[PDB]
Amino acid sequence: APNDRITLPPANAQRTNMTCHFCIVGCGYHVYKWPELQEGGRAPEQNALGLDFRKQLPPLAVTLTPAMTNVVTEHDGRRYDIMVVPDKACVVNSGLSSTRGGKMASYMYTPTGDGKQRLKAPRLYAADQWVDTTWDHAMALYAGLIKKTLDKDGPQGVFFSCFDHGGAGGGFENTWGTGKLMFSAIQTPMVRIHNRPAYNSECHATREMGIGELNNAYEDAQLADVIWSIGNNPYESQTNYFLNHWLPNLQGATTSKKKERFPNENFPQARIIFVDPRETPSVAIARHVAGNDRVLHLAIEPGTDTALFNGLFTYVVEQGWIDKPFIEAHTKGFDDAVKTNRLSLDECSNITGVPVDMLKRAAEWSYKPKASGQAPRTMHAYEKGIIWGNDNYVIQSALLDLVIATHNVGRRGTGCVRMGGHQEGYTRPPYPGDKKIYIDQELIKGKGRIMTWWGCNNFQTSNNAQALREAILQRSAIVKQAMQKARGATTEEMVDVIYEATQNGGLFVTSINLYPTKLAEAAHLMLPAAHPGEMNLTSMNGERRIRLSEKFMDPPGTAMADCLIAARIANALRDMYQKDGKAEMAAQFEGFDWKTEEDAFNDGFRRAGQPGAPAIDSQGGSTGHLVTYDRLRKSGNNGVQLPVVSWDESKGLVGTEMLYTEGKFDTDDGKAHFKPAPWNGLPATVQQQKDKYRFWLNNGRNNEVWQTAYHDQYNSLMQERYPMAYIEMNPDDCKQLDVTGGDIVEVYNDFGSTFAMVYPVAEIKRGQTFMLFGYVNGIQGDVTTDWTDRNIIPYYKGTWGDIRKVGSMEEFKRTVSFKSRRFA
Amino acid sequence: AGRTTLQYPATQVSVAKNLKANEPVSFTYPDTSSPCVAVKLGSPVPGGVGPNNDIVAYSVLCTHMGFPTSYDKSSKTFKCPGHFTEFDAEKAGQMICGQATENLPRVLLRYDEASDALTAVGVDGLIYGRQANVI
Amino acid sequence: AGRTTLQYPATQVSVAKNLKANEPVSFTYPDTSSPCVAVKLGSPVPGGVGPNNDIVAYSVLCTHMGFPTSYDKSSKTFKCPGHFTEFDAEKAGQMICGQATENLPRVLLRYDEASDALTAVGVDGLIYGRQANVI
Ligand SMILES: Nc1nc2c(c(=O)[nH]1)N[C@H]1C(S)=C(S)[C@@H](COP(=O)(O)OP(=O)(O)OC[C@H]3O[C@@H](n4cnc5c(=O)[nH]c(N)nc54)[C@H](O)[C@@H]3O)O[C@H]1N2
Ligand SMILES: Nc1nc2c(c(=O)[nH]1)N[C@H]1C(S)=C(S)[C@@H](COP(=O)(O)OP(=O)(O)OC[C@H]3O[C@@H](n4cnc5c(=O)[nH]c(N)nc54)[C@H](O)[C@@H]3O)O[C@H]1N2
Ligand code: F3S
Ligand code: FES
Ligand code: FES
Ligand SMILES: [Mo+4]
Ligand code: NA
């Protein structure tokens, strides 16, 4: 309650390790837990922080606020203070906390806090009202429907959209549990991923070219001469990688270390290049830190990345700023790529809009040999501006070509890497189908009997989201109406009622989640899940560093770890089949005899590539068995970078810093493969929107807001600052539409209609906008198209629309700052 | 015992009419290790004090990791050089963008019409680097 | 002056094995004007202590308007003669029916296996008729 003090952890308070729940960087934290009616003393040796609160602390001594504290009430009814604070000795973050990780304590479950509306028990929409139901009933209904569908339609009738990521709502236990359930037991191919509408990858091209997307260390960002940030706003989206590794390089604090590693190499002041249509907070901050002369913002025309990289590739080849020995010994296809990808600087400039002098300068900084003879160490970092860009596959083809020719993989201070989104934590059986299926289109077209959203919310985050919602709400309603007729039915009769409604266009919808979410508008069944700290969980960050987040409290009510929900489902289905005398079907549901999450770790990550093991695709590789919970605990928040190379009791886990340092790539022949990258303009579907409507509807992240705001929607500070999704608009465009900060606009096109509050931004180009994605009040995705690349990767950043004033929200004008988020 | 509130001192800052529009005054509260600013904004804001209800005051220590922020007269914000947090002086220290999880703490001023005095009497929010606002 | 917690005493009640199933013991905590009961319930409950995790203790002052409640052995509840509030000894003082807005406060017991001792070390909830549990 009181805003002007905090309770210090006692010197002997319990302390556990926790990786941040949220973004890829995976900053390390400590959780202090102690009884509510104890506290630490201000003297440094009388509190667990070892800090002297008897007088003012200096800058950088601590990160501690009330938002980093809480009081939990456990299953035994006893109350405990918690404090969740960053670990000063963690190599990832060196004691830094983002505004998002900083709120972890506040977003732990408590009966009266921000977590108050956590799912605590199964919820059933019994035709015309939400009620609680038992887990046994829920499993009878859910497994009963799956069983009926398997028995009559086979697996093709059972649909999922499921996380494949790490951190909270993911990780190695959870991805294995769900993957084993969906792929080995049920054996359904009707599965999409949390952020993309098929069972596919963000990185098909780079992987096929032999370069897995997480190939370096965070230390490489400290060793680089030049950093490219491509389709990426890292201060906001990978905060502490940018703050703890990128900025020290720009500031000159890593120059010593470069020169120590490389005695005979010049290291100029580091420089940074951003390829982004939009001038972001990251551009502004880079210029404040390094100066204007060390930052190059290539403010390309939306969707022109391929043309940019083809023009750069062409130029470095014509200048001879490539590594010919490297290409000759370790690559295939270079000569072909030179021809297919040829594009002059003048043509490049005309397509991208970037002037020729700036294209040449980027190449000069990045690829022209240093005075000491070596090529610059240029780390090429990319994210969703090109992963959700104009033809995912082709852009990566174009970029990786430039990288391979310039030998910017496998050398320290280089890498062509994803910056990442969530943390990573994938261990799954192979996908069981032989084709890519656009799951959302299939649902819209009326296929499937049961759909489970598991740790995602595509109502807010699908492409073409309005078409999806329309269809799902309708299909859901058919089931609701069918259930309505029933009175006094057994569970088995209800299963039959619902099954029949699905033959008539219906769809049974389950959500497995922390919260009701907007999915509750269509769901029939919701199951409560547990997040890290309420469970043990393993995951890795953007340099493959695996850590254990330790359990320290109980979940709300009967919430359960997702891997144990998957075991519960499997065991229900098994029992049903055993009882029906179907031994062969029963046996498909074996191998879920799990009592704790660690069981799922042992069954999945730790079996990969082992004798007698089934086929398992794991980020841990075949040395995953060397990792145990205990060994991770002893490693601390530093963990180990995967893959593990050895272990013994005296040296602990020893891992891998950088990939591809010996020139052996993940292809048949061990070489890196160049690929053609044709420039075909924008897709027709997108070009049609652009031809009809005025504004480029760019979209993405805000620093303060995490994802679909599942926690933030309950946070009064978050809600005061961002009550509605906002749209950055050019002020001249604003005046033309007679809107200002805190007005509400409709944004629309052929695909849909949504709303935002207007946020005038001087740095936005005329005819361009930027709307917060994924949010709880004004869903941006309504106006994204259905267009996807060859692998069903959406162009989420590729849509145009018109904007119409709704009116002036005086309350937003009184409460919300519309001041500039670009620091100068 | 019996006491749930902190024992804040009452410190005179200045008289309101000495303050010029958008020209910050520096002072310490609630002790000499806690730097603060008062500023007359020039137009009324919620909870502003003085004759034009436009005077506001803050702890200038960033609530992220405690560097002293600087007041920017062009934007009426406090900017942190540490990790680029920026706070809105016209929105009770609302974080515009940054890495803090707390708004910039407001120093509560009494304005006495009788004397024209502005007195610091408390703090809304927790000042960086402290177990309690009053050490 | 740094302190956010109350200064509760540590008061020995008895040894656990002296307590008989469903036979309440009376004691005072945290001072002689605060009557309390401890009882061995006979079956484990959440947060119960002792060898069989079934010992619980409460303030007996009704949290409505402060009459001393009486323990009813047949139902394992505390009943208030004032306006008929009844609290569940098996559900951490949950009000079954009545006019209070707060559960019966639990006296927090440490049980030491080495000595078999039950010591009252704090109070969860606010005792009737007090500004703070510790006067
Ligand atoms: N227009 C547009 N759309 C986009 C994007 C874009 O750039 N533009 N970005 C895309 C990208 S990169 C992504 S990652 C997706 C995100 O789309 P989603 O995955 O749909 O969104 P999240 O908010 O990550 O969803 C996480 C959900 O899981 C729940 N949850 C949290 N922890 C747990 C857990 O332990 N267990 C379970 N079972 N549930 C849990 C939360 O309550 C929440 O409902 O959006 C995509 N959509
Ligand atoms: N604060 C915060 N951080 C997060 C998240 C969050 O919700 N909140 N979510 C996490 C997740 S799941 C992900 S995927 C990552 C995403 O992290 P990023 O991909 O860094 O973030 P976005 O904001 O989606 O998009 C990055 C940039 O793409 C640019 N852009 C748009 N179209 C184009 C184009 O055609 N080409 C190019 N080159 N650039 C383009 C946009 O202007 C934008 O600045 O962030 C993660 N980190
Ligand atoms: S605190 Fe969390 S949100 Fe990312 S920058 Fe660090 S892992
Ligand atoms: S210390 Fe102010 S933004 Fe980090
Ligand atoms: S005094 Fe106990 S019910 Fe009123
Ligand atoms: Mo993502
Ligand atoms: Na809509």
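What counts and how
Residues numbered from 1 in each chain as written, not as in the entry; some residues may be left out. Chains lettered and ligands numbered in written order. Part of a larger assembly, values for the part shown. Heavy atoms only, no water. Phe/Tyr/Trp six-rings, centres within 6.5 Å; stacked < 30°, edge-to-face > 60°. Helix = DSSP H or I, 4+ residues; strand = E, 2+ residues; numbered from the N terminus. Buried < 20%, exposed > 50% of the residue type's maximum accessible area, 1.4 Å probe, protein only. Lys NZ or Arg CZ within 6 Å of the ring centre and 35° of its normal. Pairing = 2+ DSSP bridges. Contact = heavy atoms within 4.5 Å. Buried area = accessible area lost by both parts, 1.4 Å probe. Salt bridge = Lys/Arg side-chain N within 4 Å of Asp/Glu carboxyl O. Polar contact = N/O pair within 3.5 Å; in protein donor to acceptor, adjacent residues only side chain to side chain. Nonpolar A, V, L, I, M, F, W, Y, C, P; charged D, E, K, R; others polar. Axes fitted to C-alpha atoms, helices over the stretch in contact; angles between N-to-C directions. 1 Å grid on protein atoms, 1.4 Å probe; cavity = no way out; pocket = protein on both sides within 12 Å on 5 of 7 lines; lining within 4 Å. Points joined across faces, edges and corners; volume = space filled by probe spheres on them. UniProt positions renumbered as here; feature names shortened; annotations may be inferred.

The deposited coordinates for this entry were obtained by X-ray crystallography, with a reported resolution of 1.87 Å.

1. Brief notes about the packing of aromatic side chains
For any pair of aromatic rings, the description rests on two quantities: the centre-to-centre distance and the angle between the ring planes. Counted according to the given criterion, the structure contains 38 aromatic pairs over all chains. With a centroid separation of 6.2 Å and an interplanar angle of 65°, the aromatic rings of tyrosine 235 of chain A and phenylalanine 84 of chain B are classed as edge-to-face. Of this pair, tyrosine 235 of chain A sits in helix 6 (residues 234-237) while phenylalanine 84 of chain B sits in the loop between strand 6 (77-79) and strand 7 (86-88), on two different chains. Judged on exposure class, the residue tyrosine 235 of chain A and its partner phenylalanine 84 of chain B are both buried. Consider the rings of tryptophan 696 of chain A and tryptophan 800 of chain A, whose centres lie 6.4 Å apart with planes at 40°: the pair is tilted. Of this pair, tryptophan 696 of chain A sits in strand 26 (residues 695-700) while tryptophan 800 of chain A sits in strand 31 (residues 800-808), placing them 104 residues apart in sequence. In this structure, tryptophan 696 of chain A and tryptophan 800 of chain A share a single accessibility class: buried. Here the aromatic cluster, defined as three or more aromatic residues joined through ring pairs, consists of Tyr218, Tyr235, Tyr241, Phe242, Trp246 and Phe823 of chain A together with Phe84 of chain B. Its guanidinium or amino end placed over the ring of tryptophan 647 of chain A, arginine 631 of chain A lies 3.5 Å from that ring's centre, counting from NZ or CZ.

2. Brief notes about the pairing of strand 3 (residues 69-73) of chain A
Residue and element names in this part refer to chain A. Burial of strand 3 is one-sided: the residues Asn70 and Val72 facing one way are buried, the residues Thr69, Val71 and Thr73 facing the other way are not. In terms of strand pairing, strand 3 meets strand 4 (residues 79-86) through five bridges, oriented antiparallel. Along strand 4, the bridge assignment pairs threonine 69 with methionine 83. A loop of five residues connects strand 3 with strand 4, the two strands running antiparallel in sequence, and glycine 77 in this loop sits at a positive phi of about 80°.

3. Side note on the interface of chain B and chain A
Contact residues are listed per partner, giving 46 residues for chain B and 52 residues for chain A. Interface area for chain B against chain A, summed over the two sides, is near 3900 Å², with a carbon-plus-sulfur share of 55%. Broken down residue by residue, the surface that chain B buries against chain A is led by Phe84, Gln99 and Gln131 of chain B, which jointly contribute 20%. On the surface where chain B and chain A come into contact, there are two salt bridges. For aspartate 88 of chain B, the salt bridge identified is with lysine 819 of chain A, shortest N-O distance 2.9 Å. At the boundary of chain B and chain A, one finds 34 residue pairs in polar contact. At the level of elements, strand 6, strand 7 and strand 8 (94-97) of chain B are the ones that each hand at least two residues to the side of chain B that touches chain A. Of the residues forming the side of chain B that touches chain A, the biggest block, four residues, is contributed by strand 8 of chain B. Split into classes, the residues belonging to the side of chain B that touches chain A amount to 18 nonpolar, 19 polar and nine charged.

4. Describing the side chain of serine 549 of chain A
All names here are of chain A. The residue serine 549 is located in strand 20 (residues 545-549) in this model. Under the relative-accessibility criterion, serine 549 is labelled buried at 3%. Engagement of the side chain of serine 549 in a polar contact is seen with the backbone nitrogen of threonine 19, the distance being 3.0 Å.

5. Some words on the sheet that holds strand 11 (residues 295-298) of chain A
Residues and elements named next belong to chain A. Reading across from one edge, 11-10-9-13-14 is the order of the five strands in this open sheet, with parallel pairing throughout. The open sheet has two edge strands with one neighbour each: strand 11 and strand 14 (416-418). When the angles between neighbouring strand axes are averaged without regard to direction, this sheet yields 15°. Judged from the three bridges that link them, strand 13 (residues 378-382) and strand 14 form a sheet pairing that is parallel. Bridge pairing in strand 14 places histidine 380 opposite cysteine 416. Its contacts with the sheet place helix 9 (residues 281-290) against strand 10 (271-275) and strand 11, and it is angled at close to 160° to strand 11. Taken strand by strand, helix 14 (residues 356-366) contacts strand 9 (226-230), strand 10, strand 11 and strand 13, and its axis lies near 135° from that of strand 11.

6. Topic: empty space enclosed by the protein
All names here are of chain A. Tallying each qualifying case throughout the model produces eight cavities of 30 Å³ or more. One number sums up the size of the largest cavity: a volume of about 80 Å³. In this structure, the largest cavity is lined by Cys20, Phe22, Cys23, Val25, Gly26, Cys27, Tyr29, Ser98, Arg100, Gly101, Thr239 and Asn240.

7. Thoughts on the UniProt feature "binding site: [2Fe-2S] cluster" in chain B
Under the present numbering, the feature "binding site: [2Fe-2S] cluster" in UniProt falls on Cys62, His64, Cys80 and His83 of chain B. Spatial clustering of the annotated residues is evident: they stretch over 22 residues in sequence, but the largest pairwise C-alpha distance comes to 9.7 Å. The class of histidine 64 of chain B is buried, set by a relative accessible area of 3%. When near neighbours in sequence (up to four residues on either side) are disregarded, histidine 64 of chain B contacts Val62, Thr63 and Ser97 of chain A together with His83, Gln99, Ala100 and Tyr128 of chain B. Tracing the backbone shows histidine 83 of chain B in the loop between strand 6 and strand 7. Leaving out residues up to four positions away in the same chain, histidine 83 of chain B has contacts with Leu60, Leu96, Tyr235 and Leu243 of chain A together with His64, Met65 and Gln99 of chain B.

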